Number of protein chains: 2
Amino acid sequence: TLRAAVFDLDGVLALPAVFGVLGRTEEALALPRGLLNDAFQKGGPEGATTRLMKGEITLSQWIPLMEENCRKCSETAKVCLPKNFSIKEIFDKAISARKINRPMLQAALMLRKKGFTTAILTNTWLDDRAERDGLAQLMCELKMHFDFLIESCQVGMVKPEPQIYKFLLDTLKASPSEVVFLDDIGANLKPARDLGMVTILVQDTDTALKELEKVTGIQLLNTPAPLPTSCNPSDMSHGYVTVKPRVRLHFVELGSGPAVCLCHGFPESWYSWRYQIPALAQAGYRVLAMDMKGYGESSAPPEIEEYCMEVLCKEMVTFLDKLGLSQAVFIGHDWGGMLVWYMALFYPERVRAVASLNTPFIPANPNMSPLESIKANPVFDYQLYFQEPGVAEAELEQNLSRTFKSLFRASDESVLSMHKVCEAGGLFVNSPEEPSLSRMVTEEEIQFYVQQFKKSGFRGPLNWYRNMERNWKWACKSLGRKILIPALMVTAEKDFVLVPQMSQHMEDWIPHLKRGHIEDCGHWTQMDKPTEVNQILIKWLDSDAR
Amino acid sequence: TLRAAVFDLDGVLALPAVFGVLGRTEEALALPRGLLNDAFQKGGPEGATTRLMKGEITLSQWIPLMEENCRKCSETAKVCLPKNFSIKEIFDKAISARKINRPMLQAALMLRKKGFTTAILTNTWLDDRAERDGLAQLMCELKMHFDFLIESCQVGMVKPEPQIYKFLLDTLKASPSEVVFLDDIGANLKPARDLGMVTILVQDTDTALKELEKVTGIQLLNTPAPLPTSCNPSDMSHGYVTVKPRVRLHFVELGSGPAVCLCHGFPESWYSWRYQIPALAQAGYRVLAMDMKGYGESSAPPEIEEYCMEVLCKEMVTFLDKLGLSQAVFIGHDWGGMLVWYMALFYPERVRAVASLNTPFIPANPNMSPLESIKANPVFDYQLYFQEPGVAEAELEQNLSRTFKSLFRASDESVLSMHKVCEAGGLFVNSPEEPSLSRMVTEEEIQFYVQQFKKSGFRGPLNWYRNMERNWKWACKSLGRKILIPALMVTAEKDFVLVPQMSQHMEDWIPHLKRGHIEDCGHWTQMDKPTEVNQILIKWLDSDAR
Ligand SMILES: Cn1nnc(-c2cc(-c3ccsc3)cnc2N)n1
Ligand SMILES: Cn1nnc(-c2cc(-c3ccsc3)cnc2N)n1
């Protein structure tokens with residue numbers, strides 16, 4: 001019975017194969033068949049390439065030795081090499097053109113999801129080329145999805161020597177009959193077969209995957225589109241900044257490039273961006289996913305006034321100052337979306353670009369009290385129930401599991417009505433004691449929110465809604481301004497509180513506004529439609545935020 | 001008696017003044033004298049510029065209104081404006097050309113160092129230009145050195161209105177007679193004078209500073225060269241990455257740009273880079289200053305084997321993987337310098353560039369035991385004393401204050417001999433019980449190290465030296481390799497253990513090696529010569545590490 005899957009890198013997890021360039025070069029330059037391939041394998045186990053693959057020498061040391069072998073091969077074949085020929089150029093192009101074979105990675109991901117131990121076993125080199133980062137990035141993206149990465153140049157062993165297979169078996173802590181081994185080189189497949197391992201010769205991906213699903217008994221081909229990579233909280237870099245004596249802000253950090261500050265809504269976490277964090281980092285950005293003030297590992301003072309927009313924005317500016325960041329792209333959702341538009345209005349110097357999911361830019365009505373404006377819209381009744389200190393805290397803190405399971409549901413899962421909340425006497429008055437688990441979340445993900453909210457509860461989070469008059473007075477100072485920095489408004493078709501139509505007049509304040517729209521998407525945008533969110537944010541970041 | 005100093009931004013802390021471009025443009029374009037300056041102040045307190053300065057409108061909204069005023073001014077003066085004229089271009093150039101007036105900042109720094117409350121009071125705007133980051137960076141660099149930053153566009157008040165001066169006095173929590181106010185605009189100086197504040201009209205910096213030192217009684221002009229900005233531990237962003245179940249690594253993080261990973265030596269801290277962190281971040285780099293394994297807030301397992309180079313390097317690679325970093329520039333000192341050369345040799349793909357302070361690249365001698373190689377050099381006797389578990393821990397942990405005060409001394413301060421340590425029976429056997437405080441450190445800085453070492457002690461740090469045979473076996477695998485990635489070797493003239501001559505043969509292993517040399521510099525390079533270290537590292541980073 002199988003419980004481990006091993007994949008090669010070249011020609012298996014990454015395509016096109018580097019060997020499938022050496023032959024292409026011969027054809028393009030009209031050189032004798034196999035001329036370059038013979039110079040590559042020259043000397044066999046004693047040759048320059050085996051020394052390179054075992055880690056005895058680096059790729060830059062190997063380049064001239066390979067060039068030397070190319071001359072010896074041409075002298076024997078009675079042919080002459082061109083005047084502009086470069087081994088470095090051939091390998092730079094080959095490595096750069098090599099990309100992840102996506103359906104092969106998805107198959108490995110599906111196998112690991114069903115309990116398999118997955119590993120990459122590869123004959124590779126120590127890359128010291130000026131262009132080494134390209135491969136470094138590819139290896140980083142691939143390695144994270146596997147239990148083990150075994151590189152020949154690191155272990156001092158090479159395929160097909162039998163010692164690497166015994167090393168692989170020891171690393172996996174599995175007998176050979178429990179292991180599937182996928183390779184594009186038949187010679188490298190043989191010693192695994194010899195030990196009793198199930199072996200797959202990879203030519204075209206689809207056939208290799210048909211063979212893989214037949215042997216494992218798990219559907220890998222024609223499967224539904226998978227969700228993006230999520231975050232394991234204990235595998236993240238956790239950051240902490242003291243913004244004032246009693247206030248510390250926590251954030252999760254991933255990637256390199258322009259800083260992208262993610263601001264969640266109510267009653268959420270940095271974890272609400274779990275599907276965006278790996279995607280945005282992979283797209284070339286430095287992600288800073290916040291625990292907003294009053295949440296998770298961030299400080300939660302009890303005073304209502306600590307949660308007015310002016311203070312929250314000032315603290316976000318200090319956060320940037322303390323990290324040494326002159327700017328950040330600000331992306332918000334719900335209450336985070338509201339903060340993000342105010343950051344753009346009051347601190348444009350510090351905001352590289354601004355994006356909001358669901359929350360439209362809501363300007364202050366100078367001729368109406370903010371509480372009257374809330375009252376005029378039946379869907380915003382929950383905000384009035386959130387006003388009296390203690391009332392919503394008691395209902396929300398009573399049963400944390402019930403709170404999150406009731407709130408975090410897709411558009412076709414109900415289970416609460418946001419209108420007549422005060423009349424009904426609560427958010428969960430007509431909700432079950434043990435709500436069913438939404439398709440958007442696992443039991444484990446609910447438990448993360450439960451554990452986070454055990455620290456400070458709902459006082460700090462609910463206080464965000466308890467500064468309406470204060471926020472209105474501050475917002476009135478910005479009534480003559482316009483948002484002229486790059487901006488994105490993303491609407492969700494089925495958000496019945498933050499309706500797409502609420503954003504219709506935004507172009508009056510933000511003339512150069514860009515938009516995104518997600519159909520069949522509820523209030524919990526990031527987890528409802530993660531793939532679509534990622535596609536819209538990445539496209540907008542690459543075009544408007546560098 | 002004075003205890004507060006207030007400085008203007010334009011024409012005082014930053015030069016040349018933005019107003020000193022509007023007049024220059026008239027002269028360059030042969031436009032009537034004051035034509036552009038009249039369009040600037042047009043409408044006075046009701047005009048577009050006052051609305052801009054009060055924060056009613058943003059700079060991008062103001063640009064066309066200013067352009068409108070330029071036409072009205074030319075129509076009255078019976079002159080015509082050019083066909084290629086652009087207000088945006090004039091202000092983009094003016095802002096970009098404006099840099100920090102360094103001797104004015106040093107004076108503010110010296111005043112704050114002597115107990116003064118310092119503040120920047122400025123008539124500024126909300127900058128939403130595509131080029132706003134330039135000013136954002138300047139404001140970030142300046143603001144950190146002051147207790148308060150009061151911006152007109154943020155407070156809704158403008159100089160010379162008396163309300164901003166009463167706001168300033170309330171912010172400072174000081175009576176007017178306790179305040180010095182420096183401004184280049186006489187009209188803006190008057191209301192401060194009117195309240196009884198000491199006022200300085202700033203034309204040339206030197207005279208303003210002569211006036212400032214006469215009134216404060218503190219030397220500000222002709223003072224010795226100041227040390228670079230240091231770090232206040234509680235003002236830093238603190239990061240934490242779990243690299244394996246029982247191992248977490250702590251780091252301090254500052255700046256944006258290419259990642260620069262700083263690796264300290266024995267028995268140090270991330271704080272040993274305190275003078276490099278703000279400088280390197282200011283030069284355009286993302287600094288990650290580590291607490292190495294066994295130190296400060298990083299995990300400190302007791303096992304000797306947890307501290308061999310192979311494990312330490314593997315953990316540093318995981319650290320990068322977990323942060324989503326494909327590469328980092330690695331800069332090391334002492335034991336950190338040793339790790340950094342091994343990172344370059346075993347993981348060139350992950351090392352953008354490598355730099356070492358004091359520690360030469362020491363290759364393995366395959367024909368000699370590492371302990372024999374140590375014994376052959378009298379200066380490395382302390383490493384033999386560090387071998388027996390418990391012995392050095394007992395002496396080093398006995399009196400922490402004495403440990404750090406004895407170790408951290410400049411080349412002309414002795415107080416220990418590194419030869420015949422085993423014979424003498426310890427490092428501090430001929431050292432005083434209460435050592436004098438070195439000129440390199442304050443009592444407070446010693447106490448930070450004392451507090452850090454109270455957590456785990458010296459077991460983990462001393463274990464770095466207890467893997468000689470293990471490190472030698474691993475290093476022998478790299479004997480056929482060369483370091484071909486960008487590399488910097490920095491030698492310290494007076495380091496009597498890590499002597500500059502020990503690095504003489506490095507070009508045999510690192511042919512393209514770059515060098516730096518610091519005269520009259522001991523073992524504690526970063527704190528001994530911080531200015532010189534910063535100059536060498538920044539120059540090398542900007543040329544070889546992007
Ligand atoms: C109908 N309406 N008028 N004003 C508002 C309003 C809404 C929010 C809000 C919107 C999404 S999360 C918090 C905050 N402050 C407000 N004043 N809603
Ligand atoms: C004379 N000598 N031979 N080998 C060494 C040696 C030195 C160090 C070292 C050097 C600066 S901090 C630690 C480590 N490992 C070694 N093997 N020193």
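What's counted below: heavy atoms across the whole structure, side chains too, no hydrogens, waters or symmetry copies. Protein chains get the first letters and strands the later ones, always in sequence-line order, with residue 1 at the start of each.
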**Q** Assess whether atom NZ of A:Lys113 is packed by more than 12 heavy atoms of other residues, nucleotides or ligands within 6.0 Å.
**A**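 12 or below, so no.
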**Q** Is there a side-chain contact between A:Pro226 and A:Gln106 in this structure, where contact means two heavy atoms from C-beta onward sitting under 4.5 Å apart?
**A**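 In contact.
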**Q** Please state whether the rings of A:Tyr295 and A:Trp464 are parallel, tilted or perpendicular, taking 30° and 60° as the class boundaries.
**A**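 Judged by the thresholds at 30° and 60°, the geometry between A:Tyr295 and A:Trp464 is perpendicular.
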**Q** Distance only, no hydrogens: is a donor on one side chain within 3.5 Å (strictly under) of an acceptor on the other, for A:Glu413 and A:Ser438?
**A**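 Present: a donor and an acceptor within the cut-off.
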**Q** How about A:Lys473: does its NZ atom have over 12 heavy atoms from other parts shown lying under 6.0 Å from it?
**A**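 Not buried by this count: 12 neighbours or fewer within 6.0 Å.
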**Q** Could you tell me how the ring of A:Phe453 sits relative to the ring of A:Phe404: parallel (under 30°), tilted (30 to 60°) or perpendicular (over 60°)?
**A**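 Tilted: the ring planes of A:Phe453 and A:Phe404 meet at 30° to 60°.
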**Q** Give a yes-or-no answer on whether the side chains of A:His517 and A:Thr491 include a donor-acceptor pair shorter than 3.5 Å.
**A**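 Result is yes, a qualifying pair exists.
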**Q** What orientation do A:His333 and A:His523 show, parallel under 30°, tilted 30 to 60°, or perpendicular over 60°?
**A**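 It falls in the tilted class, 30° to 60°.
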**Q** Could you check whether the rings of A:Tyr449 and A:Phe408 sit parallel, tilted or perpendicular, using 30° and 60° as the cut-offs?
**A**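 Rings of A:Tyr449 and A:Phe408: perpendicular, over 60°.
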**Q** Among B:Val241, B:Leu249, B:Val243, B:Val247, whose side chain to side chain contact (heavy atoms under 4.5 Å, CB included) with B:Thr318 holds?
**A**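 The option that passes is B:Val243.
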**Q** Are A:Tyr465 and A:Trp335 close enough that their ring centres sit under 6.0 Å apart?
**A**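 Yes.
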**Q** Tell me if the CG atom of A:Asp542 is crowded by more than 12 foreign heavy atoms within 6.0 Å.
**A**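 Buried by this count: over 12 neighbours within 6.0 Å.
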**Q** Does A:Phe319 reach the side chain of A:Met290, with side-chain heavy atoms less than 4.5 Å apart?
**A**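 Result yes, sub-4.5 Å side-chain heavy-atom pair found.
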**Q** Quick one: does A:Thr216's side chain get under 4.5 Å of A:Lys114's, heavy atoms only?
**A**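 Answer no - side chains too far apart.
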**Q** Would you indicate whether A:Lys143, at its atom NZ, is surrounded by more than 12 heavy atoms from other residues, nucleotides or ligands within a distance under 6.0 Å?
**A**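 Atom NZ in A:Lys143 is packed in, count exceeds 12.
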**Q** May I ask you to test the A:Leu462-A:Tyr385 pair for a side-chain heavy-atom distance under 4.5 Å?
**A**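 Not touching, per the 4.5 Å side-chain cut-off.
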**Q** Does a donor on one side chain and an acceptor on the other come within less than 3.5 Å for A:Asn365 and A:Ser373?
**A**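 No.
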**Q** For the pair A:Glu393 and A:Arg459, evaluate salt bridge (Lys or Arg N to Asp or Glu O under 4.0 Å) and give the outcome as yes or no after the intermediate values.
**A** CA-CA 6 Å; A:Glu393 282 94 328; A:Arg459 197 193 167 134; 5.3 Å; no
**Q** Closer than 4.0 angstrom, basic N to acidic O: yes or no for A:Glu303 and A:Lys293?
**A**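 Result for this pair is no, no salt bridge flagged.
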**Q** Check the pair A:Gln501, A:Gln504 against side-chain hydrogen bond (donor to acceptor under 3.5 Å, both in side chains), reporting the backbone distance first and the verdict last.
**A** CA-CA 5 Å; A:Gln501 204 71 264; A:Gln504 77 183 137; 3.0 Å; yes
**Q** Mind running salt bridge (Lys or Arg N to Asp or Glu O under 4.0 Å) on A:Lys405 and A:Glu443 for me, showing each step along the way?
**A** CA-CA 9 Å; A:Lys405 281 174 173 176; A:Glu443 185 59 41; 2.9 Å; yes
**Q** Between A:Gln276 and A:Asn534, does any side-chain donor sit less than 3.5 Å from a side-chain acceptor?
**A**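 A:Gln276 vs A:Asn534: donor-acceptor pair found between side chains.
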**Q** I'd like to check A:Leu288 versus A:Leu325 (side-chain heavy atoms, cut-off strictly below 4.5 Å). Are they in contact?
**A**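 Yes, side chains in contact.
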**Q** So, do A:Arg515 and A:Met506 sit near enough that their side-chain heavy atoms are less than 4.5 Å apart?
**A**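 They are in side-chain contact.
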**Q** Between A:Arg274 and A:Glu268, is a salt bridge (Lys or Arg N to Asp or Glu O under 4.0 Å) present by the stated rule, with each step listed?
**A** CA-CA 12 Å; A:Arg274 67 196 171 276; A:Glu268 306 185 64; over 6 Å; no
**Q** Let's go through A:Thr359 and A:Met489 carefully: what are the C-alpha distance in whole Å and the side-chain angles of both, what is the deciding distance for side-chain contact (heavy atoms from CB on, under 4.5 Å) to 0.1 Å, and is it a yes or a no?
**A** CA-CA 8 Å; A:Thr359 314; A:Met489 177 66 215; 5.7 Å; no
**Q** Is A:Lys529 close to A:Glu493 at the side-chain level, that is, under 4.5 Å between some pair of heavy atoms?
**A**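 Not touching, per the 4.5 Å side-chain cut-off.
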**Q** Starting from the C-alpha separation in whole Å, work towards a yes-or-no answer on side-chain contact (heavy atoms from CB on, under 4.5 Å) for A:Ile362 and A:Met338.
**A** CA-CA 8 Å; A:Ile362 308 169; A:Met338 190 71 54; 3.6 Å; yes
**Q** Is the shortest side-chain heavy-atom distance between A:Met236 and A:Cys231 below 4.5 Å?
**A**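 Yes - at least one pair of side-chain heavy atoms lies under 4.5 Å apart.
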**Q** I need the minimum non-hydrogen distance between A:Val415 and A:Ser406, along with the two atoms involved.
**A**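 Taking A:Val415 first and A:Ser406 second, the nearest heavy atoms are CG1-O, 4.0 Å.
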**Q** Count the heavy atoms belonging to other residues, nucleotides or ligands that lie under 6.0 Å from NZ of A:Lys539, then report whether that count exceeds 12.
**A**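 Counting other residues, nucleotides and ligands, NZ of A:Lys539 stays at 12 neighbours or fewer.
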**Q** Do you know the tightest heavy-atom contact between A:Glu445 and A:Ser230?
**A**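 Scanning both residues completely, I find the closest heavy atoms to be OE2-OG, 4.3 Å.
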**Q** Short question: side chain of A:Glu213, backbone of A:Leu220 - any donor-acceptor pair under 3.5 Å?
**A**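 Such a contact is found between A:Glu213 side chain and A:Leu220 backbone.
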